[PDB]
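J.: Contents of run-v1.cif (mmCIF, N, CA and C atoms):
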data_upload
#
loop_
_atom_site.group_PDB
_atom_site.id
_atom_site.type_symbol
_atom_site.label_atom_id
_atom_site.label_comp_id
_atom_site.auth_asym_id
_atom_site.auth_seq_id
_atom_site.Cartn_x
_atom_site.Cartn_y
_atom_site.Cartn_z
ATOM 1 N N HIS A 3 -3.194 10.987 12.655
ATOM 2 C CA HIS A 3 -4.454 11.223 11.958
ATOM 3 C C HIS A 3 -4.259 11.750 10.541
ATOM 4 N N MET A 4 -3.266 12.651 10.348
ATOM 5 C CA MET A 4 -3.028 13.042 8.964
ATOM 6 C C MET A 4 -1.900 12.205 8.368
ATOM 7 N N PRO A 5 -2.047 11.764 7.121
ATOM 8 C CA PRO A 5 -0.993 10.969 6.503
ATOM 9 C C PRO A 5 0.307 11.743 6.449
ATOM 10 N N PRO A 6 1.441 11.049 6.501
ATOM 11 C CA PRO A 6 2.733 11.731 6.423
ATOM 12 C C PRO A 6 2.964 12.270 5.024
ATOM 13 N N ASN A 7 3.929 13.173 4.922
ATOM 14 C CA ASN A 7 4.325 13.692 3.624
ATOM 15 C C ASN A 7 5.344 12.738 3.022
ATOM 16 N N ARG A 8 4.943 12.042 1.964
ATOM 17 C CA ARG A 8 5.822 11.116 1.253
ATOM 18 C C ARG A 8 5.711 11.445 -0.229
ATOM 19 N N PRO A 9 6.523 12.382 -0.715
ATOM 20 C CA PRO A 9 6.409 12.828 -2.109
ATOM 21 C C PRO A 9 6.423 11.662 -3.083
ATOM 22 N N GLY A 10 5.482 11.687 -4.021
ATOM 23 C CA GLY A 10 5.308 10.616 -4.970
ATOM 24 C C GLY A 10 4.225 9.632 -4.588
ATOM 25 N N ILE A 11 3.753 9.675 -3.343
ATOM 26 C CA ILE A 11 2.620 8.883 -2.883
ATOM 27 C C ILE A 11 1.492 9.837 -2.529
ATOM 28 N N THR A 12 0.318 9.589 -3.093
ATOM 29 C CA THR A 12 -0.896 10.308 -2.743
ATOM 30 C C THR A 12 -1.738 9.398 -1.859
ATOM 31 N N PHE A 13 -2.053 9.866 -0.654
ATOM 32 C CA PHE A 13 -2.802 9.057 0.308
ATOM 33 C C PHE A 13 -4.302 9.238 0.082
ATOM 34 N N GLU A 14 -4.774 8.614 -0.994
ATOM 35 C CA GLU A 14 -6.176 8.640 -1.362
ATOM 36 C C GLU A 14 -6.547 7.266 -1.885
ATOM 37 N N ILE A 15 -7.803 6.882 -1.659
ATOM 38 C CA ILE A 15 -8.316 5.645 -2.230
ATOM 39 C C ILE A 15 -8.138 5.658 -3.743
ATOM 40 N N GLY A 16 -7.580 4.572 -4.279
ATOM 41 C CA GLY A 16 -7.379 4.436 -5.701
ATOM 42 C C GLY A 16 -6.031 4.909 -6.194
ATOM 43 N N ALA A 17 -5.274 5.622 -5.366
ATOM 44 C CA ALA A 17 -3.941 6.042 -5.757
ATOM 45 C C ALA A 17 -3.000 4.843 -5.797
ATOM 46 N N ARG A 18 -1.963 4.952 -6.617
ATOM 47 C CA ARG A 18 -1.048 3.857 -6.892
ATOM 48 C C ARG A 18 0.282 4.101 -6.196
ATOM 49 N N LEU A 19 0.980 3.011 -5.913
ATOM 50 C CA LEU A 19 2.289 3.049 -5.278
ATOM 51 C C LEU A 19 2.909 1.674 -5.478
ATOM 52 N N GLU A 20 4.128 1.493 -4.989
ATOM 53 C CA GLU A 20 4.754 0.181 -4.999
ATOM 54 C C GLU A 20 4.907 -0.323 -3.572
ATOM 55 N N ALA A 21 4.677 -1.615 -3.390
ATOM 56 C CA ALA A 21 4.810 -2.249 -2.089
ATOM 57 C C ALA A 21 5.788 -3.401 -2.224
ATOM 58 N N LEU A 22 6.632 -3.578 -1.213
ATOM 59 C CA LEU A 22 7.605 -4.660 -1.231
ATOM 60 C C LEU A 22 6.882 -5.954 -0.886
ATOM 61 N N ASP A 23 6.877 -6.903 -1.818
ATOM 62 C CA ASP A 23 6.023 -8.068 -1.676
ATOM 63 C C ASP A 23 6.737 -9.235 -0.998
ATOM 64 N N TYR A 24 6.025 -10.363 -0.931
ATOM 65 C CA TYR A 24 6.484 -11.544 -0.212
ATOM 66 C C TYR A 24 7.741 -12.147 -0.820
ATOM 67 N N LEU A 25 8.055 -11.815 -2.072
ATOM 68 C CA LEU A 25 9.287 -12.245 -2.720
ATOM 69 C C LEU A 25 10.368 -11.180 -2.682
ATOM 70 N N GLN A 26 10.199 -10.160 -1.847
ATOM 71 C CA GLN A 26 11.144 -9.051 -1.749
ATOM 72 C C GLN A 26 11.322 -8.338 -3.083
ATOM 73 N N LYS A 27 10.235 -8.242 -3.836
ATOM 74 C CA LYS A 27 10.205 -7.483 -5.074
ATOM 75 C C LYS A 27 9.210 -6.345 -4.928
ATOM 76 N N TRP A 28 9.561 -5.192 -5.485
ATOM 77 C CA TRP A 28 8.642 -4.061 -5.492
ATOM 78 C C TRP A 28 7.545 -4.299 -6.516
ATOM 79 N N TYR A 29 6.296 -4.181 -6.070
ATOM 80 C CA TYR A 29 5.168 -4.624 -6.868
ATOM 81 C C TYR A 29 4.120 -3.520 -6.971
ATOM 82 N N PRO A 30 3.588 -3.253 -8.165
ATOM 83 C CA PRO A 30 2.606 -2.175 -8.311
ATOM 84 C C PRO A 30 1.316 -2.503 -7.580
ATOM 85 N N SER A 31 0.818 -1.508 -6.850
ATOM 86 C CA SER A 31 -0.279 -1.697 -5.919
ATOM 87 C C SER A 31 -1.156 -0.456 -5.912
ATOM 88 N N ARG A 32 -2.323 -0.577 -5.287
ATOM 89 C CA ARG A 32 -3.213 0.562 -5.154
ATOM 90 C C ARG A 32 -3.833 0.557 -3.766
ATOM 91 N N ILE A 33 -4.177 1.750 -3.305
ATOM 92 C CA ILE A 33 -4.775 1.939 -1.989
ATOM 93 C C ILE A 33 -6.263 1.621 -2.078
ATOM 94 N N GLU A 34 -6.717 0.680 -1.246
ATOM 95 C CA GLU A 34 -8.120 0.293 -1.191
ATOM 96 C C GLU A 34 -8.902 1.105 -0.164
ATOM 97 N N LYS A 35 -8.352 1.231 1.041
ATOM 98 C CA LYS A 35 -8.990 1.900 2.160
ATOM 99 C C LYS A 35 -7.893 2.470 3.047
ATOM 100 N N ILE A 36 -8.273 3.447 3.863
ATOM 101 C CA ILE A 36 -7.359 4.088 4.794
ATOM 102 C C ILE A 36 -7.937 3.987 6.202
ATOM 103 N N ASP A 37 -7.061 3.822 7.179
ATOM 104 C CA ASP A 37 -7.443 3.834 8.582
ATOM 105 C C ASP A 37 -6.703 5.014 9.195
ATOM 106 N N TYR A 38 -7.421 6.120 9.364
ATOM 107 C CA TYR A 38 -6.814 7.338 9.877
ATOM 108 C C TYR A 38 -6.572 7.291 11.377
ATOM 109 N N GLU A 39 -7.261 6.415 12.104
ATOM 110 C CA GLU A 39 -7.046 6.361 13.546
ATOM 111 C C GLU A 39 -5.779 5.595 13.885
ATOM 112 N N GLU A 40 -5.485 4.537 13.135
ATOM 113 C CA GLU A 40 -4.308 3.719 13.375
ATOM 114 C C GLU A 40 -3.156 4.062 12.447
ATOM 115 N N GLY A 41 -3.378 4.931 11.465
ATOM 116 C CA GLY A 41 -2.321 5.348 10.568
ATOM 117 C C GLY A 41 -1.837 4.270 9.625
ATOM 118 N N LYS A 42 -2.765 3.572 8.976
ATOM 119 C CA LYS A 42 -2.399 2.483 8.091
ATOM 120 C C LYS A 42 -3.379 2.457 6.936
ATOM 121 N N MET A 43 -3.049 1.670 5.926
ATOM 122 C CA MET A 43 -3.927 1.573 4.778
ATOM 123 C C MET A 43 -3.909 0.157 4.236
ATOM 124 N N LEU A 44 -4.969 -0.165 3.503
ATOM 125 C CA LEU A 44 -5.138 -1.467 2.883
ATOM 126 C C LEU A 44 -4.628 -1.379 1.451
ATOM 127 N N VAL A 45 -3.644 -2.212 1.114
ATOM 128 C CA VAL A 45 -2.948 -2.154 -0.166
ATOM 129 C C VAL A 45 -3.322 -3.386 -0.978
ATOM 130 N N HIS A 46 -3.664 -3.176 -2.251
ATOM 131 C CA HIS A 46 -4.042 -4.243 -3.170
ATOM 132 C C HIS A 46 -2.977 -4.376 -4.247
ATOM 133 N N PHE A 47 -2.456 -5.585 -4.418
ATOM 134 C CA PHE A 47 -1.421 -5.827 -5.413
ATOM 135 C C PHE A 47 -2.079 -6.044 -6.772
ATOM 136 N N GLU A 48 -1.580 -5.346 -7.794
ATOM 137 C CA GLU A 48 -2.208 -5.364 -9.112
ATOM 138 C C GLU A 48 -2.337 -6.786 -9.631
ATOM 139 N N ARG A 49 -3.559 -7.152 -10.013
ATOM 140 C CA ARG A 49 -3.973 -8.425 -10.591
ATOM 141 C C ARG A 49 -4.089 -9.548 -9.573
ATOM 142 N N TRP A 50 -3.669 -9.353 -8.327
ATOM 143 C CA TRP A 50 -3.724 -10.442 -7.366
ATOM 144 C C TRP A 50 -5.134 -10.612 -6.818
ATOM 145 N N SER A 51 -5.402 -11.820 -6.329
ATOM 146 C CA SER A 51 -6.608 -12.041 -5.548
ATOM 147 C C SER A 51 -6.644 -11.067 -4.378
ATOM 148 N N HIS A 52 -7.843 -10.584 -4.058
ATOM 149 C CA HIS A 52 -7.984 -9.700 -2.910
ATOM 150 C C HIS A 52 -7.714 -10.402 -1.585
ATOM 151 N N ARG A 53 -7.573 -11.730 -1.585
ATOM 152 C CA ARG A 53 -7.157 -12.409 -0.363
ATOM 153 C C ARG A 53 -5.798 -11.921 0.120
ATOM 154 N N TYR A 54 -4.973 -11.384 -0.781
ATOM 155 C CA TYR A 54 -3.627 -10.931 -0.457
ATOM 156 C C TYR A 54 -3.557 -9.446 -0.123
ATOM 157 N N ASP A 55 -4.691 -8.741 -0.114
ATOM 158 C CA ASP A 55 -4.687 -7.341 0.290
ATOM 159 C C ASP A 55 -4.148 -7.231 1.712
ATOM 160 N N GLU A 56 -3.305 -6.230 1.951
ATOM 161 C CA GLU A 56 -2.526 -6.167 3.179
ATOM 162 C C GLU A 56 -2.640 -4.798 3.828
ATOM 163 N N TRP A 57 -2.836 -4.791 5.143
ATOM 164 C CA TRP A 57 -2.771 -3.556 5.910
ATOM 165 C C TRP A 57 -1.320 -3.224 6.219
ATOM 166 N N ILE A 58 -0.911 -2.006 5.868
ATOM 167 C CA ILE A 58 0.471 -1.552 6.013
ATOM 168 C C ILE A 58 0.446 -0.144 6.594
ATOM 169 N N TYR A 59 1.243 0.094 7.633
ATOM 170 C CA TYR A 59 1.280 1.424 8.227
ATOM 171 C C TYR A 59 1.826 2.436 7.225
ATOM 172 N N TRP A 60 1.294 3.656 7.274
ATOM 173 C CA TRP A 60 1.524 4.557 6.155
ATOM 174 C C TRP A 60 2.938 5.144 6.107
ATOM 175 N N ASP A 61 3.740 4.992 7.163
ATOM 176 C CA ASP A 61 5.148 5.373 7.131
ATOM 177 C C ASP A 61 6.072 4.200 6.819
ATOM 178 N N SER A 62 5.528 3.064 6.388
ATOM 179 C CA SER A 62 6.327 1.854 6.224
ATOM 180 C C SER A 62 7.379 2.006 5.131
ATOM 181 N N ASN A 63 8.570 1.460 5.392
ATOM 182 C CA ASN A 63 9.605 1.388 4.366
ATOM 183 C C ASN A 63 9.352 0.276 3.359
ATOM 184 N N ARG A 64 8.253 -0.461 3.493
ATOM 185 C CA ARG A 64 7.820 -1.405 2.478
ATOM 186 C C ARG A 64 6.891 -0.769 1.458
ATOM 187 N N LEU A 65 6.751 0.554 1.492
ATOM 188 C CA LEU A 65 6.023 1.307 0.483
ATOM 189 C C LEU A 65 6.976 2.310 -0.144
ATOM 190 N N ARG A 66 6.774 2.588 -1.429
ATOM 191 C CA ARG A 66 7.535 3.631 -2.102
ATOM 192 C C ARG A 66 6.719 4.151 -3.272
ATOM 193 N N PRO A 67 7.071 5.321 -3.809
ATOM 194 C CA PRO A 67 6.357 5.836 -4.982
ATOM 195 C C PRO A 67 6.527 4.902 -6.168
ATOM 196 N N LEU A 68 5.486 4.816 -6.985
ATOM 197 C CA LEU A 68 5.576 4.121 -8.258
ATOM 198 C C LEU A 68 6.151 5.112 -9.257
ATOM 199 N N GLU A 69 7.377 4.864 -9.704
ATOM 200 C CA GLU A 69 8.037 5.751 -10.656
ATOM 201 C C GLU A 69 7.437 5.594 -12.049
#
Go ahead and express the file in the form of structure tokens.
T.:
Amino acid sequence: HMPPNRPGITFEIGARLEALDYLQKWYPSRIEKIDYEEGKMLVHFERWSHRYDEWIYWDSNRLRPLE
């Protein structure tokens, strides 16, 4: 129910992070929505169509802080 502690990532709508994309490249993204019951969030890749927004569990190693 509470997001994990991942320094450099703020678990709030609109916060930014990097997500490992379909080309295995780290890509700048932002949090659209959070699912606190299932422990996941909806991630939007910067400039992409929202068709590609992806639900990713909040402890995923496919997320990292945006340096």
J.: Among the residues of chain A, find those DSSP assigns to strand (DSSP E) from the backbone and print them as a list in words.
T.: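 Answer for chain A restricted to strand (DSSP E) is residues 18, 19, 20, 21, 22, 28, 29, 30, 31, 32, 33, 34, 35, 36, 37, 42, 43, 44, 45, 46, 47, 56, 57, 58, 59, 65 and 66 of chain A.
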J.: Restricting the calculation to only C-alpha atoms, which member of A:3, A:8, A:15, A:63 is positioned closest to residue 36 of chain A?
T.: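 The answer is A:15, which sits nearest to residue 36 of chain A.
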J.: One decimal, in Å: what's the spacing between atom N of residue 26 of chain A and atom C of residue 4 of chain A?
T.: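 Computing the Euclidean distance for atom N of residue 26 of chain A and atom C of residue 4 of chain A yields 27.4 Å.
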J.: Hey, which of A:59, A:50, A:16, A:67 ends up closest to residue 34 of chain A? Count all atoms listed in the file.
T.: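 That would be A:16, the residue with the smallest distance to residue 34 of chain A.
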J.: Can you turn the PyMOL selection byres ((chain A and resi 21) around 6.5) into a concrete residue list for this file, as a JSON list (two decimals) with N, CA and C atoms, in the frame of the given file?
T.:
[["chain", "number", "residue", "atom", "x", "y", "z"],
["A", 19, "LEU", "N", 0.98, 3.01, -5.91],
["A", 19, "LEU", "CA", 2.29, 3.05, -5.28],
["A", 19, "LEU", "C", 2.91, 1.67, -5.48],
["A", 20, "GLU", "N", 4.13, 1.49, -4.99],
["A", 20, "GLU", "CA", 4.75, 0.18, -5.00],
["A", 20, "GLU", "C", 4.91, -0.32, -3.57],
["A", 22, "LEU", "N", 6.63, -3.58, -1.21],
["A", 22, "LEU", "CA", 7.60, -4.66, -1.23],
["A", 22, "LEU", "C", 6.88, -5.95, -0.89],
["A", 23, "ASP", "N", 6.88, -6.90, -1.82],
["A", 23, "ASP", "CA", 6.02, -8.07, -1.68],
["A", 23, "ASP", "C", 6.74, -9.24, -1.00],
["A", 27, "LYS", "N", 10.24, -8.24, -3.84],
["A", 27, "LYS", "CA", 10.20, -7.48, -5.07],
["A", 27, "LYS", "C", 9.21, -6.34, -4.93],
["A", 28, "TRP", "N", 9.56, -5.19, -5.48],
["A", 28, "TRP", "CA", 8.64, -4.06, -5.49],
["A", 28, "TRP", "C", 7.54, -4.30, -6.52],
["A", 29, "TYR", "N", 6.30, -4.18, -6.07],
["A", 29, "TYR", "CA", 5.17, -4.62, -6.87],
["A", 29, "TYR", "C", 4.12, -3.52, -6.97],
["A", 30, "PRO", "N", 3.59, -3.25, -8.16],
["A", 30, "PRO", "CA", 2.61, -2.17, -8.31],
["A", 30, "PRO", "C", 1.32, -2.50, -7.58],
["A", 31, "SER", "N", 0.82, -1.51, -6.85],
["A", 31, "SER", "CA", -0.28, -1.70, -5.92],
["A", 31, "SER", "C", -1.16, -0.46, -5.91],
["A", 64, "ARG", "N", 8.25, -0.46, 3.49],
["A", 64, "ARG", "CA", 7.82, -1.40, 2.48],
["A", 64, "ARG", "C", 6.89, -0.77, 1.46],
["A", 65, "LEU", "N", 6.75, 0.55, 1.49],
["A", 65, "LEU", "CA", 6.02, 1.31, 0.48],
["A", 65, "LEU", "C", 6.98, 2.31, -0.14],
["A", 66, "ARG", "N", 6.77, 2.59, -1.43],
["A", 66, "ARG", "CA", 7.54, 3.63, -2.10],
["A", 66, "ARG", "C", 6.72, 4.15, -3.27]]
J.: So which residues get picked by the PyMOL selection byres ((chain A and resi 44) around 8) here, written as a list in words?
T.: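 Given this file, the PyMOL selection byres ((chain A and resi 44) around 8) evaluates to residues 32, 33, 34, 35, 36, 37, 42, 43, 45, 46, 47, 55, 56, 57, 58 and 59 of chain A.
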J.: Save out the residues we just selected, N, CA and C atoms, as a CSV table (one decimal), in the frame of the given file.
T.:
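The file below, again_25.csv, is the result:
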chain,number,residue,atom,x,y,z
A,32,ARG,N,-2.3,-0.6,-5.3
A,32,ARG,CA,-3.2,0.6,-5.2
A,32,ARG,C,-3.8,0.6,-3.8
A,33,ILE,N,-4.2,1.8,-3.3
A,33,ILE,CA,-4.8,1.9,-2.0
A,33,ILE,C,-6.3,1.6,-2.1
A,34,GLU,N,-6.7,0.7,-1.2
A,34,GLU,CA,-8.1,0.3,-1.2
A,34,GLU,C,-8.9,1.1,-0.2
A,35,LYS,N,-8.4,1.2,1.0
A,35,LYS,CA,-9.0,1.9,2.2
A,35,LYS,C,-7.9,2.5,3.0
A,36,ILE,N,-8.3,3.4,3.9
A,36,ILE,CA,-7.4,4.1,4.8
A,36,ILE,C,-7.9,4.0,6.2
A,37,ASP,N,-7.1,3.8,7.2
A,37,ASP,CA,-7.4,3.8,8.6
A,37,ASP,C,-6.7,5.0,9.2
A,42,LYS,N,-2.8,3.6,9.0
A,42,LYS,CA,-2.4,2.5,8.1
A,42,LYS,C,-3.4,2.5,6.9
A,43,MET,N,-3.0,1.7,5.9
A,43,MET,CA,-3.9,1.6,4.8
A,43,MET,C,-3.9,0.2,4.2
A,45,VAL,N,-3.6,-2.2,1.1
A,45,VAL,CA,-2.9,-2.2,-0.2
A,45,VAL,C,-3.3,-3.4,-1.0
A,46,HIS,N,-3.7,-3.2,-2.3
A,46,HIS,CA,-4.0,-4.2,-3.2
A,46,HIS,C,-3.0,-4.4,-4.2
A,47,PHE,N,-2.5,-5.6,-4.4
A,47,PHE,CA,-1.4,-5.8,-5.4
A,47,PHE,C,-2.1,-6.0,-6.8
A,55,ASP,N,-4.7,-8.7,-0.1
A,55,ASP,CA,-4.7,-7.3,0.3
A,55,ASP,C,-4.1,-7.2,1.7
A,56,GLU,N,-3.3,-6.2,2.0
A,56,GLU,CA,-2.5,-6.2,3.2
A,56,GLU,C,-2.6,-4.8,3.8
A,57,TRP,N,-2.8,-4.8,5.1
A,57,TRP,CA,-2.8,-3.6,5.9
A,57,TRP,C,-1.3,-3.2,6.2
A,58,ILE,N,-0.9,-2.0,5.9
A,58,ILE,CA,0.5,-1.6,6.0
A,58,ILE,C,0.4,-0.1,6.6
A,59,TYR,N,1.2,0.1,7.6
A,59,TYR,CA,1.3,1.4,8.2
A,59,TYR,C,1.8,2.4,7.2
J.: Which value, in Å to one decimal, gives the distance between atom N of residue 54 of chain A and atom C of residue 6 of chain A?
T.: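 Atom-to-atom, atom N of residue 54 of chain A to atom C of residue 6 of chain A, that is 25.6 Å.
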J.: Quick one: distance from atom CA of residue 39 of chain A to atom CA of residue 5 of chain A in Å, one decimal?
T.: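 Going from atom CA of residue 39 of chain A over to atom CA of residue 5 of chain A covers 10.4 Å.
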J.: Can you report as AutoDock Vina command-line options the centre and edge lengths in Å, to one decimal, of an axis-aligned box around the listed atoms of segment 30-49 of chain A padded with 3 Å on each side?
T.:
--center_x -2.7 --center_y -1.1 --center_z 1.6 --size_x 18.6 --size_y 22.9 --size_z 30.5
J.: Between A:51, A:25, A:60, A:40, which one has atoms that come closest to residue 13 of chain A, using only C-alpha atoms?
T.: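 Result for the nearest residue to residue 13 of chain A: A:60.
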